[PDB]
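The file my_file.pdb comes next; it holds PDB, C-alpha atoms.
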```
ATOM      1  CA  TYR E   1     113.343  71.076  61.809
ATOM      2  CA  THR E   2     111.339  74.130  60.775
ATOM      3  CA  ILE E   3     111.234  77.170  63.056
ATOM      4  CA  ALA E   4     108.550  79.718  62.221
ATOM      5  CA  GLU E   5     109.042  83.128  63.793
ATOM      6  CA  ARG E   6     107.960  86.717  63.496
ATOM      7  CA  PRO E   7     111.279  88.550  63.391
ATOM      8  CA  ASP E   8     110.480  91.341  65.830
ATOM      9  CA  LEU E   9     110.256  91.647  69.582
ATOM     10  CA  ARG E  10     107.268  93.903  70.107
ATOM     11  CA  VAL E  11     107.547  96.045  73.221
ATOM     12  CA  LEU E  12     104.754  97.628  75.243
ATOM     13  CA  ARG E  13     104.955  99.845  78.315
ATOM     14  CA  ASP E  14     102.073 101.403  80.174
ATOM     15  CA  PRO E  15     101.822 103.701  83.180
ATOM     16  CA  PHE E  16      98.116 103.618  82.366
ATOM     17  CA  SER E  17      97.377 100.275  84.034
ATOM     18  CA  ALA E  18      98.592 100.781  87.614
ATOM     19  CA  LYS E  19      99.344 104.402  88.347
ATOM     20  CA  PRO E  20     102.687 104.041  90.205
ATOM     21  CA  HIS E  21     103.809 101.203  87.927
ATOM     22  CA  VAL E  22     105.069 100.858  84.371
ATOM     23  CA  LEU E  23     104.329  97.182  83.687
ATOM     24  CA  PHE E  24     106.608  96.465  80.760
ATOM     25  CA  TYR E  25     105.195  94.131  78.120
ATOM     26  CA  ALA E  26     107.738  92.501  75.821
ATOM     27  CA  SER E  27     106.747  89.684  73.518
ATOM     28  CA  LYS E  28     107.514  87.844  70.323
ATOM     29  CA  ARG E  29     105.879  84.885  68.648
ATOM     30  CA  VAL E  30     107.513  81.681  67.454
ATOM     31  CA  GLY E  31     106.582  78.113  66.587
ATOM     32  CA  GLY E  32     108.023  74.947  65.191
ATOM     33  CA  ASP E  33     108.350  71.185  65.081
ATOM     34  CA  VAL E  34     110.130  68.687  62.872
ATOM     35  CA  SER E  35     109.440  68.916  59.119
ATOM     36  CA  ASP E  36     111.428  65.955  57.742
ATOM     37  CA  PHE E  37     110.991  62.855  59.881
ATOM     38  CA  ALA E  38     113.687  60.951  58.034
ATOM     39  CA  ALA E  39     116.171  63.799  58.568
ATOM     40  CA  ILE E  40     116.550  63.452  62.359
ATOM     41  CA  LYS E  41     117.630  60.358  64.266
ATOM     42  CA  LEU E  42     117.841  59.824  68.009
ATOM     43  CA  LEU E  43     119.508  57.558  70.552
ATOM     44  CA  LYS E  44     117.566  55.622  73.173
ATOM     45  CA  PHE E  45     119.425  54.044  76.084
ATOM     46  CA  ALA E  46     116.900  51.242  76.530
ATOM     47  CA  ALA E  47     118.060  48.044  74.854
TER      48      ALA E  47
ATOM     49  CA  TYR V   1     115.523 123.992 106.402
ATOM     50  CA  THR V   2     116.511 121.895 103.398
ATOM     51  CA  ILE V   3     114.241 121.335 100.402
ATOM     52  CA  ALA V   4     114.995 118.481  98.032
ATOM     53  CA  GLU V   5     113.050 118.208  94.802
ATOM     54  CA  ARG V   6     113.139 117.475  91.112
ATOM     55  CA  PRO V   7     112.051 120.414  88.931
ATOM     56  CA  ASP V   8     110.062 118.369  86.409
ATOM     57  CA  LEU V   9     106.317 117.765  86.454
ATOM     58  CA  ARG V  10     104.712 114.684  84.894
ATOM     59  CA  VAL V  11     101.249 115.082  83.386
ATOM     60  CA  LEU V  12     100.287 111.476  82.629
ATOM     61  CA  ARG V  13      96.745 111.069  81.278
ATOM     62  CA  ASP V  14      94.864 107.932  80.320
ATOM     63  CA  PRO V  15      91.517 107.189  78.670
ATOM     64  CA  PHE V  16      92.665 103.576  79.061
ATOM     65  CA  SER V  17      92.021 103.407  82.829
ATOM     66  CA  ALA V  18      88.334 104.328  83.202
ATOM     67  CA  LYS V  19      86.808 104.187  79.763
ATOM     68  CA  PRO V  20      84.318 107.090  80.006
ATOM     69  CA  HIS V  21      86.979 109.146  81.788
ATOM     70  CA  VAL V  22      90.450 110.636  81.390
ATOM     71  CA  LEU V  23      92.164 110.625  84.821
ATOM     72  CA  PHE V  24      94.666 113.437  84.512
ATOM     73  CA  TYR V  25      97.594 112.245  86.618
ATOM     74  CA  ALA V  26     100.144 114.768  87.865
ATOM     75  CA  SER V  27     103.214 113.988  89.956
ATOM     76  CA  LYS V  28     106.187 115.986  91.144
ATOM     77  CA  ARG V  29     108.497 114.546  93.772
ATOM     78  CA  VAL V  30     109.761 116.795  96.559
ATOM     79  CA  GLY V  31     111.015 116.229 100.079
ATOM     80  CA  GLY V  32     112.717 117.910 102.969
ATOM     81  CA  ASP V  33     112.879 118.855 106.622
ATOM     82  CA  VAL V  34     115.133 120.881 108.890
ATOM     83  CA  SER V  35     118.855 120.264 108.587
ATOM     84  CA  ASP V  36     120.037 122.606 111.354
ATOM     85  CA  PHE V  37     118.045 122.330 114.562
ATOM     86  CA  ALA V  38     119.748 125.485 115.822
ATOM     87  CA  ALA V  39     118.944 127.901 113.007
ATOM     88  CA  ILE V  40     115.223 128.085 113.836
ATOM     89  CA  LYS V  41     113.347 129.151 116.959
ATOM     90  CA  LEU V  42     109.643 129.255 117.771
ATOM     91  CA  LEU V  43     107.089 131.093 119.899
ATOM     92  CA  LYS V  44     104.756 129.051 122.098
ATOM     93  CA  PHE V  45     101.656 130.722 123.540
ATOM     94  CA  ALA V  46     101.853 129.273 127.026
ATOM     95  CA  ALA V  47     103.489 129.891 130.385
TER      96      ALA V  47
END
```
What's the structure tokens form of this structure?
Amino acid sequence: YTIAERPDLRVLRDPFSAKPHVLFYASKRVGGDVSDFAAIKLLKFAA
Amino acid sequence: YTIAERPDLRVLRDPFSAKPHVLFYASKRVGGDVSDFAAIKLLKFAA
């Protein structure tokens, strides 16, 4: 499984949007799926 | 009479709110009323 990430949590705050409010904006970006299909096995309870 | 206040003054400004404009925003918080109803007397122009 390969996780791709940007190793920072970018933070934004703005009184400028709504004058009595601060409206914190915190975000980071991340993505991933499997990368080696033969490297992960599962268990199904079907049959 | 009792005055409650904070001595600071906040001078928020924002070209980000109205794009041809600046919107100088100033706020100081202050509050109070009478604390002793006996310490003060008035003069009413009536009979």
### Task
List the residues selected by the PyMOL selection byres ((chain E) within 10 of (chain V)) in the file shown, writing them as a list in words.
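Evaluating the PyMOL selection byres ((chain E) within 10 of (chain V)) on these coordinates yields residues 14, 15, 16, 17, 18, 19 and 20 of chain E.
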### Task
Can you give me, as a ChimeraX atom specification, the residues this file yields under the PyMOL selection byres ((chain E and resi 35-46) around 6)?
/E:1-2,34,47
How would chain V read as a JSON list (two decimals) with C-alpha atoms, in the frame of the given file after a least-squares superposition onto chain E over every Cα atom, matched in order?
```
[["chain", "number", "residue", "atom", "x", "y", "z"],
["V", 1, "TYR", "CA", 113.16, 71.04, 61.74],
["V", 2, "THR", "CA", 111.30, 74.14, 60.57],
["V", 3, "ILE", "CA", 111.29, 77.42, 62.49],
["V", 4, "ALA", "CA", 108.65, 80.01, 61.70],
["V", 5, "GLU", "CA", 108.92, 83.45, 63.24],
["V", 6, "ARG", "CA", 108.57, 87.17, 62.76],
["V", 7, "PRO", "CA", 111.82, 89.10, 63.30],
["V", 8, "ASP", "CA", 110.27, 92.05, 65.13],
["V", 9, "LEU", "CA", 110.05, 92.51, 68.89],
["V", 10, "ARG", "CA", 107.33, 94.59, 70.56],
["V", 11, "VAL", "CA", 108.23, 96.43, 73.75],
["V", 12, "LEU", "CA", 104.85, 97.71, 74.93],
["V", 13, "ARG", "CA", 104.95, 99.49, 78.30],
["V", 14, "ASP", "CA", 102.14, 101.02, 80.31],
["V", 15, "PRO", "CA", 101.92, 103.12, 83.48],
["V", 16, "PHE", "CA", 98.19, 103.02, 82.71],
["V", 17, "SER", "CA", 97.68, 99.40, 83.83],
["V", 18, "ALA", "CA", 98.93, 99.35, 87.44],
["V", 19, "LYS", "CA", 99.31, 102.93, 88.53],
["V", 20, "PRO", "CA", 102.41, 102.63, 90.77],
["V", 21, "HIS", "CA", 103.98, 100.33, 88.18],
["V", 22, "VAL", "CA", 105.15, 100.15, 84.57],
["V", 23, "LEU", "CA", 104.60, 96.57, 83.31],
["V", 24, "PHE", "CA", 107.16, 96.26, 80.55],
["V", 25, "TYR", "CA", 105.46, 93.99, 78.02],
["V", 26, "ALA", "CA", 107.56, 92.17, 75.43],
["V", 27, "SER", "CA", 106.26, 89.85, 72.73],
["V", 28, "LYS", "CA", 107.80, 88.10, 69.76],
["V", 29, "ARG", "CA", 105.87, 85.42, 67.94],
["V", 30, "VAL", "CA", 107.67, 82.26, 66.84],
["V", 31, "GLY", "CA", 106.61, 78.71, 66.09],
["V", 32, "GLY", "CA", 107.79, 75.47, 64.62],
["V", 33, "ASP", "CA", 108.32, 71.73, 64.83],
["V", 34, "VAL", "CA", 109.85, 69.00, 62.71],
["V", 35, "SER", "CA", 108.90, 68.95, 59.05],
["V", 36, "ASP", "CA", 110.80, 65.81, 58.02],
["V", 37, "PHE", "CA", 110.39, 62.90, 60.41],
["V", 38, "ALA", "CA", 113.20, 61.09, 58.61],
["V", 39, "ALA", "CA", 115.97, 63.68, 58.84],
["V", 40, "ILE", "CA", 116.45, 63.26, 62.60],
["V", 41, "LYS", "CA", 117.36, 60.27, 64.75],
["V", 42, "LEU", "CA", 117.75, 59.88, 68.50],
["V", 43, "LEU", "CA", 119.61, 57.86, 71.13],
["V", 44, "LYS", "CA", 117.59, 56.20, 73.89],
["V", 45, "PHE", "CA", 119.41, 54.93, 76.99],
["V", 46, "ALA", "CA", 117.58, 51.64, 77.36],
["V", 47, "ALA", "CA", 117.67, 48.07, 76.11]]
```
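Between CA of residue 10 (chain E) and CA of residue 24 (chain E) lies a distance of 11.0 Å.
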### Query
What residues have an atom no more than 10 Å from (101.1, 82.4, 65.3) in the file's own frame, counting only C-alpha atoms, and can you write them as a PyMOL selection string?
chain E and resi 4-6+28-31
### Task
Report the distance between CA of residue 7 (chain E) and CA of residue 33 (chain E) in Å, rounded to one decimal place.
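According to the coordinates, CA of residue 7 (chain E) and CA of residue 33 (chain E) are separated by 17.7 Å.
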Taking all atoms of region 10-23 of chain V that the file lists, what box with edges along x, y and z, padded by 5 Å per side, do you get, with centre and edge lengths in Å to one decimal, as AutoDock Vina command-line options?
```
--center_x 94.5 --center_y 109.2 --center_z 81.8 --size_x 30.4 --size_y 21.7 --size_z 16.2
```
Generate the missing atoms of region 12-30 of chain V up to N, CA, C and O atoms and report them as an mmCIF file, keeping the file's coordinate frame.
```cif
data_model
loop_
_atom_site.group_PDB
_atom_site.id
_atom_site.type_symbol
_atom_site.label_atom_id
_atom_site.label_comp_id
_atom_site.auth_asym_id
_atom_site.auth_seq_id
_atom_site.Cartn_x
_atom_site.Cartn_y
_atom_site.Cartn_z
ATOM 1 N N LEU V 12 100.883 112.692 83.171
ATOM 2 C CA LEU V 12 100.287 111.476 82.629
ATOM 3 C C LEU V 12 98.762 111.556 82.576
ATOM 4 O O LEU V 12 98.115 111.966 83.543
ATOM 5 N N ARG V 13 98.190 111.161 81.441
ATOM 6 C CA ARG V 13 96.745 111.069 81.278
ATOM 7 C C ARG V 13 96.411 109.741 80.614
ATOM 8 O O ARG V 13 97.231 109.176 79.889
ATOM 9 N N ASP V 14 95.202 109.243 80.860
ATOM 10 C CA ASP V 14 94.864 107.932 80.320
ATOM 11 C C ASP V 14 93.372 107.699 80.133
ATOM 12 O O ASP V 14 92.661 107.432 81.109
ATOM 13 N N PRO V 15 92.861 107.736 78.905
ATOM 14 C CA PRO V 15 91.517 107.189 78.670
ATOM 15 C C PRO V 15 91.460 105.685 78.834
ATOM 16 O O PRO V 15 90.360 105.120 78.838
ATOM 17 N N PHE V 16 92.601 105.025 78.983
ATOM 18 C CA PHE V 16 92.665 103.576 79.061
ATOM 19 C C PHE V 16 92.322 103.025 80.440
ATOM 20 O O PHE V 16 92.159 101.811 80.576
ATOM 21 N N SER V 17 92.212 103.874 81.459
ATOM 22 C CA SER V 17 92.021 103.407 82.829
ATOM 23 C C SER V 17 90.545 103.270 83.184
ATOM 24 O O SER V 17 90.097 102.201 83.607
ATOM 25 N N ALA V 18 89.784 104.348 83.033
ATOM 26 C CA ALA V 18 88.334 104.328 83.202
ATOM 27 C C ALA V 18 87.757 104.854 81.899
ATOM 28 O O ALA V 18 87.931 106.031 81.568
ATOM 29 N N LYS V 19 87.058 103.989 81.181
ATOM 30 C CA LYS V 19 86.808 104.187 79.763
ATOM 31 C C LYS V 19 85.948 105.399 79.415
ATOM 32 O O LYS V 19 86.175 106.012 78.367
ATOM 33 N N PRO V 20 84.964 105.792 80.225
ATOM 34 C CA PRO V 20 84.318 107.090 80.006
ATOM 35 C C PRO V 20 85.081 108.279 80.566
ATOM 36 O O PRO V 20 84.531 109.383 80.586
ATOM 37 N N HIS V 21 86.303 108.097 81.048
ATOM 38 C CA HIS V 21 86.979 109.146 81.788
ATOM 39 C C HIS V 21 88.421 109.270 81.319
ATOM 40 O O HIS V 21 88.889 108.511 80.468
ATOM 41 N N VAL V 22 89.134 110.250 81.875
ATOM 42 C CA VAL V 22 90.450 110.636 81.390
ATOM 43 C C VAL V 22 91.530 110.446 82.447
ATOM 44 O O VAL V 22 92.621 109.957 82.141
ATOM 45 N N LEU V 23 91.255 110.826 83.693
ATOM 46 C CA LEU V 23 92.164 110.625 84.821
ATOM 47 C C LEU V 23 93.513 111.308 84.578
ATOM 48 O O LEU V 23 94.551 110.674 84.412
ATOM 49 N N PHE V 24 93.455 112.632 84.549
ATOM 50 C CA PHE V 24 94.666 113.437 84.512
ATOM 51 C C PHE V 24 95.519 113.144 85.735
ATOM 52 O O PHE V 24 95.087 113.369 86.868
ATOM 53 N N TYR V 25 96.724 112.637 85.520
ATOM 54 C CA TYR V 25 97.594 112.245 86.618
ATOM 55 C C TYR V 25 98.797 113.171 86.620
ATOM 56 O O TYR V 25 99.515 113.260 85.620
ATOM 57 N N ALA V 26 99.026 113.848 87.736
ATOM 58 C CA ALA V 26 100.144 114.768 87.865
ATOM 59 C C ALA V 26 100.980 114.379 89.072
ATOM 60 O O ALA V 26 100.435 114.110 90.150
ATOM 61 N N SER V 27 102.297 114.357 88.892
ATOM 62 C CA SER V 27 103.214 113.988 89.956
ATOM 63 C C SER V 27 104.474 114.824 89.856
ATOM 64 O O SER V 27 105.079 114.914 88.785
ATOM 65 N N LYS V 28 104.855 115.437 90.966
ATOM 66 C CA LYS V 28 106.187 115.986 91.144
ATOM 67 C C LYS V 28 106.683 115.522 92.499
ATOM 68 O O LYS V 28 105.929 115.524 93.475
ATOM 69 N N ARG V 29 107.936 115.104 92.556
ATOM 70 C CA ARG V 29 108.497 114.546 93.772
ATOM 71 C C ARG V 29 109.348 115.595 94.471
ATOM 72 O O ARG V 29 110.179 116.255 93.840
ATOM 73 N N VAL V 30 109.125 115.747 95.772
ATOM 74 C CA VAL V 30 109.761 116.795 96.559
ATOM 75 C C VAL V 30 109.787 116.331 98.004
ATOM 76 O O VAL V 30 108.842 115.702 98.486
#
```
